[PDB]
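J.: Just the starting chains for now, same placement as in the complex:
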Amino acid sequence: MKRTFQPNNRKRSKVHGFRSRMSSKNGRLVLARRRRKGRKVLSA
């Protein structure tokens, strides 16, 4: 069974990276909610 989470770190941190979440206006709100909440692992 080719299960649904096949991890590959380059394919991860270029979708969900810090810079890849810094490539729109809507990318900043994703970090902005993530800052005003109080989360520790800010990006992925």
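T.: Great, that's in hand. Numbers count the residues shown, from 1 in each chain, chains lettered A, B, ... in the order given.

J.: Enumerate residues external to the longest helix seen in chain A that contact any of its residues.
T.: Ranked by number of residues, the top helix in chain A under DSSP state H is helix A:26-37. Outside helix A:26-37, the residues that touch it by Cβ atoms under 8 Å, 6 or more residues apart in numbering are A:18, A:20, A:21, A:22, A:42, A:43. Where you see a C-beta, it was placed from the backbone N, CA and C, and this is true even at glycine.

J.: among those residues, who's most crowded?
T.: Within the contacts of helix A:26-37, most neighbours by other Cβ atoms under 10 Å means residue A:21, with 19 neighbours.

J.: Spatially, what comes nearest to that residue if we skip its sequence neighbours?
T.: residue A:27 (4.4 Å; Cβ to Cβ, 6 or more residues apart in numbering).

J.: And the one you found, how close does it get to residue A:3?
T.: To residue A:3, residue A:27 is 29 Å away according to Cβ to Cβ, to the nearest Å.

J.: Looking at these two, which is more packed in?
T.: residue A:27 (14 against 5).

J.: separation between that one and residue A:42?
T.: 13 Å.

J.: Tell me how many other residues crowd residue A:8.
T.: 7.

J.: who's in contact with the spatially most central residue of chain A?
T.: The residue lying closest to the centre of chain A (Cα atoms, centre = their mean) is residue A:16, at 2.9 Å. By Cβ under 8 Å, 6+ apart, the contact set of residue A:16 is A:43, A:44.

J.: Further, place chain B onto the existing structure:
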Amino acid sequence: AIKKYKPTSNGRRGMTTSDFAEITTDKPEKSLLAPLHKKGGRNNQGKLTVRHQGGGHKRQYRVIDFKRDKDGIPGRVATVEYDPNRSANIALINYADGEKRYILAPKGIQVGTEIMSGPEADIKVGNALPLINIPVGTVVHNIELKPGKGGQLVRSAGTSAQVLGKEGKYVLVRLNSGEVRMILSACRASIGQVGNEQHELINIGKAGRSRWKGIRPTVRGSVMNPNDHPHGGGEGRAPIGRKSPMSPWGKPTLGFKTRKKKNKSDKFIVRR
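T.: Just below you will find chain B, in place on the chains above:
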């Protein structure tokens, strides 16, 4: 000509290919090639906006000057080659200056013949002239429309066109499917046939051979479900429900003429 195949299996049953009697040599030289990203319909919106295309055998483009903008310099035919991307064989002539360019080989060219592209050239099968010097009753191809852009209209294999009249600033031209077109008289159109004359009657045979040519298959209208196509549904091979069979978008496709009625090219067209 056209070669048949005896049926070694049920695949090559009706399969006819060409014999490649014309194509002498197999090496397009490096100075004229070009890379081709295949597309299949998509570009930066990534959406399938042309159906039925994708992934044949990969290709490397052969750059052809349809312009024939070299003037007064005598050429000389050297090699006739294959060309994937279009229906016609192409000829690599060698000019006296060494500026190697491709052309479209007309029906009757051979290796080692001469072609002048100059504006006062002798009329012969393969030459390039402007339209004012060309007389009524000749066989014309590589017809262009805006003067000096490069060959536009009759360009694919097996085809030709014909001049009918020389008014002056306009030139009467008869195209394929009989359409008469007024054409600006400062256009440069070559003289001859276009030189396959058997690309139509190529019975493909397989489905794999006409995937290789960059076609992906075509699902019918009355097979898709009634949101994905406006013919479908029905409890089994149901007929054309809606009157006048519509496209997969909201247009009918039998007799529904689709030119802009207020097109800016009304003045140039006489018949259709």
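
J.: Could you re-examine the contacts of helix A:26-37 with chain B now present?
T.: A:18, A:20, A:21, A:22, A:42, A:43 (Cβ atoms under 8 Å, 6 or more residues apart in numbering or on different chains).

J.: And the helices in the stretch 151-272 of chain B?
T.: Applying DSSP state H, counting those that start in this stretch to the stretch 151-272 of chain B gives helices spanning B:209-212.

J.: now, which of the contacts of helix A:26-37 sits nearest residue B:28?
T.: residue A:20 (42.3 Å; Cβ to Cβ).

J.: In contact with the closest residue to residue B:272 other than its chain neighbours, which residues?
T.: Excluding the flanking residues, the one nearest residue B:272 by Cβ to Cβ, 6 or more residues apart in numbering or on different chains is residue B:179, at 5.4 Å. Contacts were defined as Cβ under 8 Å, 6+ apart; by that measure residue B:179 touches B:269, B:271, B:272.

J.: what about the last one, how many neighbours?
T.: Translated: residue B:272. The number of residues packed near residue B:272 is 11, by other Cβ atoms under 10 Å in any protein chain shown.

J.: what do you get for the second one?
T.: Counted with other Cβ under 10 Å, the neighbours of residue B:271 add up to 9.

J.: circling back to that earlier point, as CSV, the contacts of helix A:26-37 with secondary structure and distance to residue B:148 would be great.
T.: Formatted as CSV, the contacts of helix A:26-37 follow (DSSP: H, G, I helix; E, B strand; the rest coil; distance: Cβ to Cβ, whole Å):
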residue, secondary structure, distance to residue B:148
A:18, coil, 53
A:20, coil, 48
A:21, coil, 51
A:22, coil, 49
A:42, coil, 60
A:43, coil, 56
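
J.: add chain C to what we have:
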Amino acid sequence: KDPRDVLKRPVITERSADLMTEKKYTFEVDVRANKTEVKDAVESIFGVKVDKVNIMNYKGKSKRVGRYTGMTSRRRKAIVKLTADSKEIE
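T.: Placing chain C onto the earlier chains gives this:
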């Protein structure tokens, strides 16, 4: 860069006391000191002619005591070999 600020501590192992008998000395340097610095550090400090320098860098061990989930800082060690007939150092 200032030479005495480059190093932090030597290394005391069985690998150390073996290689200290083999005319070469391990050193625990900080994370960003380049290899040509470490070579040029030792002659600027001790004047001892250096054969070559090799650099490792460890990673963080998962040490935990009680509840908390800390990780040890990385250590960038450096093996430095000396030339023949050069001055040994304690």
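
J.: same question on the neighbour count of residue B:271, but with chain C included?
T.: Neighbours around residue B:271, by other Cβ under 10 Å: 9.

J.: pretty sure it contacts residue B:178?
T.: Yes: counting by Cβ atoms under 8 Å, residue B:271 touches residue B:178, with 6.8 Å between them.

J.: ok, longest helix in chain C?
T.: Max-length helix for chain C by DSSP H is helix C:35-45.

J.: Okay, angle between the helix or strand just after that one and helix C:35-45 too, please.
T.: Moving toward the C-terminus from helix C:35-45, the next helix or strand (DSSP states H and E) is strand C:50-55. In terms of direction (axes from the mean of the first three to the mean of the last three Cα atoms, to 10 degrees), strand C:50-55 departs from helix C:35-45 by 130 degrees.

J.: which other residues reach strand C:50-55?
T.: Outside strand C:50-55, the residues that reach it (Cβ under 8 Å, 6+ apart) are C:24, C:29, C:35, C:38-39, C:42-43, C:76-83.

J.: Let's see that strand as CSV, backbone CA atoms only.
T.: Extracted as CSV, the C-alpha positions of strand C:50-55 are listed here (Å, rounded to 0.1, in the frame of the first residue of the first chain):
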residue,chain,number,x,y,z
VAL,C,50,51.1,22.5,11.0
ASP,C,51,50.8,19.6,8.5
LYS,C,52,47.1,19.9,7.9
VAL,C,53,43.7,20.3,9.6
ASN,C,54,40.5,18.2,9.3
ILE,C,55,37.2,19.4,10.5
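
J.: Quick one: distance of that strand to the chain centre.
T.: 10 Å (Cα atoms, centre = their mean, to the nearest Å).
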